$ cat start.cif   # mmCIF, C-alpha atoms and all ligand atoms
data_entry
#
loop_
_atom_site.label_atom_id
_atom_site.label_comp_id
_atom_site.auth_asym_id
_atom_site.auth_seq_id
_atom_site.Cartn_x
_atom_site.Cartn_y
_atom_site.Cartn_z
CA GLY A 2 -64.10 64.25 -29.15
CA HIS A 3 -64.51 62.05 -26.08
CA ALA A 4 -61.59 61.39 -23.65
CA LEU A 5 -61.11 59.58 -20.38
CA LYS A 6 -60.57 61.45 -17.11
CA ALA A 7 -57.60 59.50 -15.71
CA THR A 8 -54.06 59.66 -14.29
CA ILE A 9 -51.29 58.85 -16.80
CA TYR A 10 -48.44 56.52 -15.82
CA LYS A 11 -45.45 55.81 -18.07
CA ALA A 12 -43.27 52.71 -17.84
CA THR A 13 -40.08 51.99 -19.70
CA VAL A 14 -39.83 48.23 -19.48
CA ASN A 15 -37.24 45.61 -20.39
CA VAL A 16 -38.45 42.02 -20.48
CA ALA A 17 -36.25 38.97 -20.71
CA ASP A 18 -38.44 35.86 -20.88
CA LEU A 19 -35.97 32.99 -20.70
CA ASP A 20 -38.71 30.35 -20.92
CA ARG A 21 -40.04 31.82 -24.18
CA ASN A 22 -36.76 33.39 -25.38
CA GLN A 23 -38.69 36.64 -25.69
CA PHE A 24 -36.57 39.78 -25.40
CA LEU A 25 -38.23 43.13 -25.66
CA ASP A 26 -38.07 46.83 -24.86
CA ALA A 27 -41.26 48.83 -24.69
CA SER A 28 -42.56 52.10 -23.37
CA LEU A 29 -46.01 51.56 -21.87
CA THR A 30 -48.75 54.08 -21.14
CA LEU A 31 -51.40 53.29 -18.56
CA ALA A 32 -54.50 55.40 -18.03
CA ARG A 33 -55.91 54.93 -14.55
CA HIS A 34 -59.51 56.07 -14.00
CA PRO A 35 -60.51 57.09 -10.45
CA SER A 36 -62.38 53.74 -10.19
CA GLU A 37 -59.16 51.73 -10.55
CA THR A 38 -57.08 50.98 -7.45
CA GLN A 39 -53.28 51.11 -7.64
CA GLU A 40 -53.10 47.32 -7.19
CA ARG A 41 -55.37 46.51 -10.08
CA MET A 42 -53.34 48.81 -12.29
CA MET A 43 -50.09 47.15 -11.28
CA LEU A 44 -51.70 43.78 -11.84
CA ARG A 45 -52.51 44.98 -15.41
CA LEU A 46 -48.89 45.96 -15.84
CA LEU A 47 -47.73 42.62 -14.43
CA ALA A 48 -50.16 40.90 -16.79
CA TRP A 49 -48.60 42.75 -19.72
CA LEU A 50 -45.08 41.76 -18.61
CA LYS A 51 -46.05 38.09 -18.45
CA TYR A 52 -47.38 38.20 -22.03
CA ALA A 53 -45.00 40.92 -23.25
CA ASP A 54 -45.38 41.54 -26.98
CA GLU A 55 -44.88 44.50 -29.34
CA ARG A 56 -48.50 44.09 -30.45
CA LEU A 57 -50.02 43.66 -26.97
CA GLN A 58 -52.01 46.82 -26.11
CA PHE A 59 -54.13 48.05 -23.23
CA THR A 60 -57.63 49.30 -24.02
CA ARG A 61 -60.93 50.69 -22.65
CA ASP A 66 -67.52 49.59 -21.46
CA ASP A 67 -66.85 45.89 -22.24
CA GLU A 68 -63.35 45.41 -23.68
CA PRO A 69 -60.55 43.24 -22.29
CA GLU A 70 -57.90 44.87 -20.12
CA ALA A 71 -55.48 44.18 -22.96
CA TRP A 72 -55.46 42.29 -26.26
CA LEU A 73 -53.04 41.19 -28.95
CA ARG A 74 -54.49 41.32 -32.46
CA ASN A 75 -53.12 39.40 -35.43
CA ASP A 76 -52.50 40.42 -39.04
CA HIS A 77 -56.06 39.38 -39.94
CA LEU A 78 -57.48 41.64 -37.19
CA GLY A 79 -58.59 38.76 -34.95
CA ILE A 80 -57.78 38.44 -31.27
CA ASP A 81 -54.82 36.13 -30.45
CA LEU A 82 -54.75 36.98 -26.76
CA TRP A 83 -57.41 38.46 -24.49
CA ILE A 84 -56.28 39.51 -21.03
CA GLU A 85 -58.93 39.92 -18.36
CA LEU A 86 -58.76 40.93 -14.69
CA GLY A 87 -60.96 40.22 -11.70
CA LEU A 88 -63.72 37.66 -11.19
CA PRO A 89 -65.97 37.56 -14.28
CA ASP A 90 -69.23 35.69 -14.60
CA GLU A 91 -70.40 32.91 -16.93
CA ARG A 92 -71.46 35.33 -19.73
CA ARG A 93 -68.32 37.44 -19.49
CA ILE A 94 -65.91 34.51 -19.65
CA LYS A 95 -67.86 33.00 -22.56
CA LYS A 96 -67.66 36.35 -24.34
CA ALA A 97 -63.85 36.37 -24.04
CA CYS A 98 -63.18 32.68 -24.75
CA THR A 99 -65.27 32.49 -27.96
CA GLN A 100 -63.91 35.82 -29.26
CA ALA A 101 -60.19 35.04 -28.70
CA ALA A 102 -57.76 32.29 -29.61
CA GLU A 103 -56.36 32.41 -26.04
CA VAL A 104 -57.72 33.94 -22.85
CA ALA A 105 -55.62 34.75 -19.78
CA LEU A 106 -57.53 35.72 -16.65
CA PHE A 107 -55.91 37.36 -13.62
CA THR A 108 -57.87 36.78 -10.40
CA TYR A 109 -56.73 38.62 -7.25
CA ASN A 110 -59.12 39.36 -4.39
CA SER A 111 -58.30 36.53 -1.91
CA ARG A 112 -61.55 36.47 0.12
CA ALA A 113 -63.65 37.04 -3.01
CA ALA A 114 -61.64 34.74 -5.33
CA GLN A 115 -61.91 31.56 -3.24
CA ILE A 116 -65.73 31.76 -3.18
CA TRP A 117 -65.75 32.61 -6.92
CA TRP A 118 -63.43 29.70 -7.72
CA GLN A 119 -65.44 27.24 -5.64
CA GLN A 120 -68.58 28.30 -7.55
CA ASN A 121 -66.94 28.43 -11.01
CA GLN A 122 -63.98 25.98 -11.23
CA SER A 123 -66.18 23.26 -12.81
CA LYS A 124 -67.67 25.72 -15.35
CA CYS A 125 -64.32 27.29 -16.40
CA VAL A 126 -62.93 23.83 -17.18
CA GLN A 127 -65.45 23.92 -20.07
CA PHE A 128 -63.32 26.46 -21.95
CA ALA A 129 -60.43 24.70 -23.73
CA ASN A 130 -58.49 27.98 -24.33
CA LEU A 131 -58.68 29.59 -20.82
CA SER A 132 -55.79 30.28 -18.42
CA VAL A 133 -56.47 31.40 -14.85
CA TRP A 134 -53.74 32.95 -12.71
CA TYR A 135 -54.09 34.01 -9.10
CA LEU A 136 -51.99 36.47 -7.15
CA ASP A 137 -52.48 36.56 -3.36
CA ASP A 138 -52.98 39.66 -1.16
CA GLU A 139 -49.37 40.05 0.09
CA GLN A 140 -47.71 39.69 -3.30
CA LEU A 141 -50.27 42.02 -4.85
CA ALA A 142 -49.38 44.66 -2.24
CA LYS A 143 -45.66 44.21 -2.96
CA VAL A 144 -46.13 44.44 -6.75
CA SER A 145 -48.21 47.56 -6.12
CA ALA A 146 -45.36 49.28 -4.26
CA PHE A 147 -43.48 49.58 -7.58
CA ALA A 148 -46.11 52.11 -8.67
CA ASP A 149 -44.76 55.40 -9.85
CA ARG A 150 -45.93 58.13 -12.13
CA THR A 151 -42.78 57.48 -14.16
CA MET A 152 -41.38 53.94 -13.89
CA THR A 153 -38.31 52.14 -15.17
CA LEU A 154 -38.62 48.37 -14.83
CA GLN A 155 -36.89 45.18 -15.88
CA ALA A 156 -38.55 41.79 -15.76
CA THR A 157 -36.75 38.46 -16.05
CA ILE A 158 -38.95 35.38 -16.40
CA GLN A 159 -37.61 31.89 -15.65
CA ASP A 160 -39.39 28.63 -14.67
CA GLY A 161 -42.73 30.45 -14.24
CA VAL A 162 -41.15 32.90 -11.77
CA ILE A 163 -41.18 36.67 -12.50
CA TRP A 164 -38.20 38.67 -11.23
CA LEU A 165 -39.29 42.29 -11.07
CA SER A 166 -36.73 45.05 -10.56
CA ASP A 167 -36.30 48.80 -10.53
CA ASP A 168 -33.33 50.98 -9.53
CA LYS A 169 -34.10 50.45 -5.84
CA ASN A 170 -35.76 47.06 -5.25
CA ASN A 171 -36.01 43.44 -6.34
CA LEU A 172 -39.10 41.23 -6.02
CA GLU A 173 -39.81 37.60 -6.73
CA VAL A 174 -43.33 37.24 -8.08
CA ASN A 175 -45.01 33.84 -8.16
CA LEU A 176 -48.29 33.66 -10.02
CA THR A 177 -50.34 30.57 -9.21
CA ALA A 178 -51.78 28.63 -12.18
CA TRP A 179 -55.38 27.73 -11.29
CA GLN A 180 -56.21 26.55 -14.81
CA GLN A 181 -54.16 25.95 -17.95
CA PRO A 182 -55.02 24.69 -21.46
CA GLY B 2 -3.82 49.59 -46.79
CA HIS B 3 -2.78 47.86 -43.55
CA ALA B 4 -5.16 45.56 -41.59
CA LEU B 5 -5.13 43.21 -38.59
CA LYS B 6 -4.97 39.40 -38.92
CA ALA B 7 -7.77 38.38 -36.55
CA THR B 8 -10.96 36.41 -35.92
CA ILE B 9 -14.16 38.47 -35.97
CA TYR B 10 -16.86 38.16 -33.29
CA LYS B 11 -20.29 39.78 -33.54
CA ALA B 12 -22.54 40.56 -30.61
CA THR B 13 -26.07 41.83 -30.49
CA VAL B 14 -26.29 43.10 -26.98
CA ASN B 15 -29.16 44.47 -24.93
CA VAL B 16 -28.31 46.24 -21.70
CA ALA B 17 -30.80 47.05 -18.97
CA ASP B 18 -28.86 49.27 -16.61
CA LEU B 19 -30.91 50.09 -13.52
CA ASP B 20 -28.00 51.83 -11.72
CA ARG B 21 -27.63 54.44 -14.51
CA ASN B 22 -31.28 54.40 -15.71
CA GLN B 23 -30.19 53.44 -19.22
CA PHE B 24 -31.59 50.88 -21.61
CA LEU B 25 -29.52 50.29 -24.75
CA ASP B 26 -29.26 48.07 -27.86
CA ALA B 27 -25.96 47.74 -29.73
CA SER B 28 -24.22 45.73 -32.41
CA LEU B 29 -20.67 45.16 -31.28
CA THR B 30 -17.81 43.77 -33.34
CA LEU B 31 -14.66 42.42 -31.78
CA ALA B 32 -11.44 41.66 -33.62
CA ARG B 33 -9.41 39.09 -31.77
CA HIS B 34 -5.71 38.87 -32.63
CA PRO B 35 -4.04 35.47 -32.08
CA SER B 36 -2.25 37.03 -29.08
CA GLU B 37 -5.52 37.61 -27.23
CA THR B 38 -6.96 34.85 -25.06
CA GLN B 39 -10.68 34.19 -25.25
CA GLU B 40 -10.96 35.31 -21.60
CA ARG B 41 -9.45 38.72 -22.27
CA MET B 42 -11.81 39.34 -25.17
CA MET B 43 -14.81 38.34 -23.06
CA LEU B 44 -13.56 40.67 -20.31
CA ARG B 45 -13.50 43.51 -22.91
CA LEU B 46 -17.04 42.63 -23.88
CA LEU B 47 -18.11 42.61 -20.21
CA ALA B 48 -16.38 45.97 -19.62
CA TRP B 49 -18.25 47.34 -22.64
CA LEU B 50 -21.50 46.22 -20.93
CA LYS B 51 -20.61 47.93 -17.63
CA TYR B 52 -19.91 51.25 -19.38
CA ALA B 53 -22.32 50.76 -22.28
CA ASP B 54 -22.73 53.78 -24.52
CA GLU B 55 -23.63 54.27 -28.20
CA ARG B 56 -20.27 56.03 -28.62
CA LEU B 57 -18.07 53.59 -26.62
CA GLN B 58 -15.75 52.03 -29.19
CA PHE B 59 -13.18 49.27 -29.11
CA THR B 60 -9.85 50.06 -30.70
CA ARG B 61 -6.35 48.67 -31.23
CA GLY B 62 -3.31 50.52 -32.57
CA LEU B 63 -2.13 48.96 -35.84
CA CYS B 64 0.99 51.15 -36.31
CA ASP B 66 -0.12 49.25 -29.60
CA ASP B 67 -0.48 52.42 -27.60
CA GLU B 68 -4.33 52.70 -27.48
CA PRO B 69 -6.78 51.69 -24.74
CA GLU B 70 -9.00 48.62 -25.21
CA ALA B 71 -12.04 50.93 -25.62
CA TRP B 72 -12.63 54.70 -25.41
CA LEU B 73 -15.50 57.19 -25.41
CA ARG B 74 -14.86 60.52 -27.06
CA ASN B 75 -16.83 63.69 -26.40
CA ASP B 76 -18.05 66.29 -28.91
CA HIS B 77 -14.78 68.23 -28.50
CA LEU B 78 -12.79 65.11 -29.45
CA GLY B 79 -11.50 64.59 -25.91
CA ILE B 80 -11.55 61.27 -24.11
CA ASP B 81 -14.27 60.99 -21.47
CA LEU B 82 -13.58 57.33 -20.75
CA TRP B 83 -10.50 55.16 -21.19
CA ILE B 84 -10.95 51.43 -20.57
CA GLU B 85 -7.78 49.51 -19.80
CA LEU B 86 -7.27 45.77 -19.19
CA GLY B 87 -4.45 43.92 -17.45
CA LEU B 88 -1.77 44.91 -14.96
CA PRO B 89 -0.11 48.09 -16.30
CA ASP B 90 2.94 49.82 -14.78
CA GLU B 91 3.16 53.45 -13.46
CA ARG B 92 3.89 55.08 -16.83
CA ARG B 93 1.08 53.28 -18.62
CA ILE B 94 -1.49 54.14 -15.92
CA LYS B 95 -0.19 57.72 -15.83
CA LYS B 96 -0.61 58.01 -19.58
CA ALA B 97 -4.24 56.83 -19.36
CA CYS B 98 -5.28 58.95 -16.37
CA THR B 99 -3.68 62.15 -17.71
CA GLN B 100 -5.27 61.77 -21.15
CA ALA B 101 -8.83 60.85 -20.06
CA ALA B 102 -11.55 62.38 -17.86
CA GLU B 103 -12.15 58.98 -16.34
CA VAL B 104 -10.20 55.67 -16.47
CA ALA B 105 -11.65 52.20 -15.87
CA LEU B 106 -9.08 49.42 -15.39
CA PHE B 107 -10.10 45.77 -15.44
CA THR B 108 -7.54 43.56 -13.67
CA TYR B 109 -7.65 39.78 -13.85
CA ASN B 110 -5.54 36.63 -13.14
CA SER B 111 -5.42 35.89 -9.35
CA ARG B 112 -1.73 34.94 -9.03
CA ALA B 113 -0.35 37.96 -10.87
CA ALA B 114 -2.93 40.55 -9.71
CA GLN B 115 -2.50 40.12 -5.92
CA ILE B 116 1.25 40.74 -6.29
CA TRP B 117 0.55 43.67 -8.61
CA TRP B 118 -1.95 45.35 -6.25
CA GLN B 119 0.33 44.84 -3.24
CA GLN B 120 3.10 46.72 -5.07
CA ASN B 121 0.73 49.34 -6.59
CA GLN B 122 -2.30 50.06 -4.35
CA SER B 123 -0.55 53.10 -2.82
CA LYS B 124 0.39 54.43 -6.31
CA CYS B 125 -2.94 54.00 -8.12
CA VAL B 126 -4.58 55.88 -5.20
CA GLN B 127 -2.68 58.94 -6.47
CA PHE B 128 -4.82 59.08 -9.59
CA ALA B 129 -8.09 60.75 -8.65
CA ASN B 130 -9.90 59.61 -11.84
CA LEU B 131 -8.98 55.93 -11.72
CA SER B 132 -11.33 53.00 -11.10
CA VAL B 133 -9.93 49.52 -10.66
CA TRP B 134 -12.20 46.49 -11.08
CA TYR B 135 -11.10 42.90 -10.45
CA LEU B 136 -12.72 39.70 -11.64
CA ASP B 137 -11.57 36.45 -10.06
CA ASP B 138 -10.39 33.37 -12.00
CA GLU B 139 -13.60 31.40 -11.41
CA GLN B 140 -15.98 34.12 -12.58
CA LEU B 141 -13.75 34.96 -15.54
CA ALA B 142 -13.86 31.39 -16.87
CA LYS B 143 -17.65 31.33 -16.57
CA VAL B 144 -17.90 34.67 -18.41
CA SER B 145 -15.52 33.25 -21.04
CA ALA B 146 -17.97 30.38 -21.66
CA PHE B 147 -20.44 32.75 -23.39
CA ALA B 148 -18.04 33.15 -26.34
CA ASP B 149 -19.33 32.40 -29.82
CA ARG B 150 -18.44 33.93 -33.16
CA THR B 151 -22.00 35.22 -33.29
CA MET B 152 -23.54 36.18 -29.91
CA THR B 153 -26.88 37.38 -28.57
CA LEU B 154 -26.59 38.76 -25.07
CA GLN B 155 -28.86 40.24 -22.44
CA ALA B 156 -27.42 42.12 -19.40
CA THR B 157 -29.19 43.58 -16.39
CA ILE B 158 -27.26 45.83 -14.02
CA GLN B 159 -28.33 46.65 -10.47
CA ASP B 160 -26.09 47.29 -7.45
CA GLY B 161 -23.00 46.80 -9.61
CA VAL B 162 -24.10 43.20 -10.18
CA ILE B 163 -24.44 42.13 -13.82
CA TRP B 164 -26.93 39.42 -14.70
CA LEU B 165 -25.63 38.11 -18.01
CA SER B 166 -27.64 35.74 -20.21
CA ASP B 167 -28.13 34.36 -23.72
CA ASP B 168 -30.38 31.54 -25.08
CA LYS B 169 -28.65 28.68 -23.20
CA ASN B 170 -27.41 30.20 -19.95
CA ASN B 171 -27.80 32.79 -17.22
CA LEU B 172 -24.95 34.05 -15.00
CA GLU B 173 -24.44 36.47 -12.11
CA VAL B 174 -21.26 38.52 -12.35
CA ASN B 175 -19.70 40.32 -9.41
CA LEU B 176 -16.81 42.64 -10.20
CA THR B 177 -14.80 43.64 -7.15
CA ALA B 178 -14.13 47.35 -6.70
CA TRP B 179 -10.48 47.66 -5.62
CA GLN B 180 -10.56 51.44 -6.15
CA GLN B 181 -13.10 54.14 -7.08
CA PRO B 182 -12.48 57.93 -7.57
CL CL C 201 -34.21 54.74 -20.36
#
$ encode --input "start.cif" --output "structure tokens"
Amino acid sequence: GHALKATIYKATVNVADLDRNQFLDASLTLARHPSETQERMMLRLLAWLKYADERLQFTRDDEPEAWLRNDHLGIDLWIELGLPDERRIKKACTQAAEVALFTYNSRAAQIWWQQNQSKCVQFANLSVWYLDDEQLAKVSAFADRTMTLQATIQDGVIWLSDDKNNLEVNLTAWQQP
Amino acid sequence: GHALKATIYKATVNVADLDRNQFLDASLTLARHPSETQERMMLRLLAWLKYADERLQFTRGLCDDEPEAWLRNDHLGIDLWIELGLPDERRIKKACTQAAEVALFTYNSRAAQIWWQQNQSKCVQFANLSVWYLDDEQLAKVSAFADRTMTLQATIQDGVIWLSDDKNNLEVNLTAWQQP
């Protein structure tokens, strides 16, 4: 049947979330379409690491970047990227117990946040994280066709590591429930 | 038959080794004889983490003789011999001649400085010997993780070991006195 034209990336990841006491090994598969920049892909991956779960899956139209479904087939977590509009955010928030949004394009995001902050506050179950240009570029450097990563999370800070390098990642919390 | 009088410790351990590109889960079991200090047992556990392998087994001679842990190959030979303490020439010789690779974990500041001063030039003669030291301070902090039932996470990068459980998180820096 149908298939996506895309580049396949594999990541063996170890996550130690010391805030949550969440310890997990997973092997992730990311499909990157020519329309997706390296950064946005790595932001996806970062997103996954922050909400690491055995059940948390990527997916692709109008679906989230990733979702975690429960035993009754409903959406526990909806992960979204970019700078969505009123109708898009409403779609996610009313369809999912929790929504986590990752905003990223500095110039674009500030204008979007100035024009939306007051409207996003309307959704009781919405989290908004921002990651600035520099950090996004640094996260993106970790990109490899085959990746082996370990992520330690403590006090909101994400310590991201491979064989060669070590990076402190600090997501900014624009909104929290 | 025969059996050791000892206290049993269980450890679920997850190791994320970035130096060796190896992620591993294991259920360890340590038997601690009354003669063994808590520190020495925790040093064993740490050494297991550094050389983590599905086949790396602790062992003690019931009949002393044996290493603290060894890793046997498919032809029943010893690939890795892990030794703890401050052994003499004959003991070291026995380990290095019987094993492809020997890892010795020295500890106790006072005794070890003397030992290394009178042995540096003699260990160097064994081309398959690695000597790691852990200082008194670090050892005590590693010792603090001891519980009869343990859940441990370890990340390794640049020879540094980030060790953690549900309470605490600790950076461990073994000193390399000698490498092959
Ligand atoms: Cl692996």
$ closest_atom_pairs --input "start.cif" --of "segment 161-181 of chain B" --to "segment 19-33 of chain B" --cutoff "12 Å" --atoms "all atoms listed in the file" --output "Markdown table"
| residue | atom | partner | partner_atom | distance |
| --- | --- | --- | --- | --- |
| B:161 | CA | B:20 | CA | 7.4 |
| B:162 | CA | B:20 | CA | 9.6 |
| B:163 | CA | B:19 | CA | 10.3 |
| B:164 | CA | B:19 | CA | 11.4 |
$ interface_residues --input "start.cif" --of "chain A" --to "chain B" --cutoff "7 Å" --atoms "all atoms listed in the file" --output "ChimeraX atom specification"
/A:15,22,167-168
$ residues_around --input "start.cif" --residues "residue 89 of chain A" --least-positions-apart "4" --cutoff "10 Å" --atoms "all atoms listed in the file" --output "short mmCIF file (atom, residue, chain, number, x, y, z; two decimals) with C-alpha atoms, keeping the file's coordinate frame"
data_model
loop_
_atom_site.label_atom_id
_atom_site.label_comp_id
_atom_site.auth_asym_id
_atom_site.auth_seq_id
_atom_site.Cartn_x
_atom_site.Cartn_y
_atom_site.Cartn_z
CA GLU A 85 -58.93 39.92 -18.36
CA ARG A 93 -68.32 37.44 -19.49
CA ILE A 94 -65.91 34.51 -19.65
CA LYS A 95 -67.86 33.00 -22.56
CA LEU A 106 -57.53 35.72 -16.65
CA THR A 108 -57.87 36.78 -10.40
CA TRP A 117 -65.75 32.61 -6.92
CA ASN A 121 -66.94 28.43 -11.01
#
$ closest_residue --input "start.cif" --among "A:12, A:136, A:156, A:146" --to "ligand CL 201 (chain C)" --atoms "all atoms listed in the file"
A:12
$ residues_around --input "start.cif" --residues "residue 179 of chain B" --least-positions-apart "4" --cutoff "8 Å" --atoms "all atoms listed in the file" --output "PDB file with C-alpha atoms, in the coordinates of the input"
ATOM      1  CA  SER B 132     -11.330  53.000 -11.100  1.00  0.00           C
ATOM      2  CA  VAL B 133      -9.930  49.520 -10.660  1.00  0.00           C
ATOM      3  CA  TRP B 134     -12.200  46.490 -11.080  1.00  0.00           C
ATOM      4  CA  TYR B 135     -11.100  42.900 -10.450  1.00  0.00           C
TER       5      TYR B 135
END
$ residues_near_point --input "start.cif" --point "(-4.7, 54.0, -7.1)" --cutoff "12 Å" --atoms "all atoms listed in the file" --output "PyMOL selection string"
chain B and resi 89-91+94-95+98+104-106+117-134+178-182
$ residues_around --input "start.cif" --residues "residue 128 of chain A" --least-positions-apart "2" --cutoff "9 Å" --atoms "only C-alpha atoms" --output "mmCIF file with C-alpha atoms, in the frame of the given file"
data_model
loop_
_atom_site.group_PDB
_atom_site.id
_atom_site.type_symbol
_atom_site.label_atom_id
_atom_site.label_comp_id
_atom_site.auth_asym_id
_atom_site.auth_seq_id
_atom_site.Cartn_x
_atom_site.Cartn_y
_atom_site.Cartn_z
ATOM 1 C CA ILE A 94 -65.910 34.510 -19.650
ATOM 2 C CA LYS A 95 -67.860 33.000 -22.560
ATOM 3 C CA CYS A 98 -63.180 32.680 -24.750
ATOM 4 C CA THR A 99 -65.270 32.490 -27.960
ATOM 5 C CA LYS A 124 -67.670 25.720 -15.350
ATOM 6 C CA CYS A 125 -64.320 27.290 -16.400
ATOM 7 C CA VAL A 126 -62.930 23.830 -17.180
ATOM 8 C CA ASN A 130 -58.490 27.980 -24.330
ATOM 9 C CA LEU A 131 -58.680 29.590 -20.820
ATOM 10 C CA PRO A 182 -55.020 24.690 -21.460
#
$ axis_aligned_box --input "start.cif" --around "segment 95-107 of chain B" --padding-each-side "3 Å" --output "JSON"
{"center_x": -6.2, "center_y": 54.1, "center_z": -18.3, "size_x": 18.0, "size_y": 22.6, "size_z": 11.8}
$ build_atoms --input "start.cif" --residues "segment 80-95 of chain B" --atoms "N, CA and C atoms" --output "tab-separated table (two decimals), keeping the file's coordinate frame"
chain	number	residue	atom	x	y	z
B	80	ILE	N	-11.19	62.58	-24.61
B	80	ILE	CA	-11.55	61.27	-24.11
B	80	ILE	C	-12.24	61.42	-22.78
B	81	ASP	N	-13.50	61.00	-22.72
B	81	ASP	CA	-14.27	60.99	-21.47
B	81	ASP	C	-13.97	59.74	-20.69
B	82	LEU	N	-13.81	58.62	-21.39
B	82	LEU	CA	-13.58	57.33	-20.75
B	82	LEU	C	-12.54	56.50	-21.49
B	83	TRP	N	-11.59	55.99	-20.73
B	83	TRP	CA	-10.50	55.16	-21.19
B	83	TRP	C	-10.66	53.83	-20.46
B	84	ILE	N	-10.84	52.74	-21.19
B	84	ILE	CA	-10.95	51.43	-20.57
B	84	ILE	C	-9.68	50.65	-20.82
B	85	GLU	N	-9.04	50.23	-19.74
B	85	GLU	CA	-7.78	49.51	-19.80
B	85	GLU	C	-7.97	48.11	-19.19
B	86	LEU	N	-7.27	47.12	-19.75
B	86	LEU	CA	-7.27	45.77	-19.19
B	86	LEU	C	-5.86	45.31	-18.82
B	87	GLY	N	-5.74	44.50	-17.78
B	87	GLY	CA	-4.45	43.92	-17.45
B	87	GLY	C	-3.83	44.56	-16.23
B	88	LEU	N	-2.50	44.49	-16.16
B	88	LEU	CA	-1.77	44.91	-14.96
B	88	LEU	C	-0.66	45.86	-15.37
B	89	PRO	N	-1.03	47.10	-15.74
B	89	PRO	CA	-0.11	48.09	-16.30
B	89	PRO	C	0.82	48.68	-15.24
B	90	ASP	N	2.01	49.11	-15.66
B	90	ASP	CA	2.94	49.82	-14.78
B	90	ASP	C	2.58	51.32	-14.61
B	91	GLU	N	3.36	52.03	-13.79
B	91	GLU	CA	3.16	53.45	-13.46
B	91	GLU	C	3.03	54.36	-14.68
B	92	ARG	N	3.92	54.22	-15.65
B	92	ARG	CA	3.89	55.08	-16.83
B	92	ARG	C	2.66	54.86	-17.69
B	93	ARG	N	2.25	53.60	-17.83
B	93	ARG	CA	1.08	53.28	-18.62
B	93	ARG	C	-0.21	53.85	-17.99
B	94	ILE	N	-0.38	53.61	-16.69
B	94	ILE	CA	-1.49	54.14	-15.92
B	94	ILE	C	-1.50	55.66	-15.98
B	95	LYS	N	-0.32	56.26	-15.81
B	95	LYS	CA	-0.19	57.72	-15.83
B	95	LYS	C	-0.64	58.28	-17.18
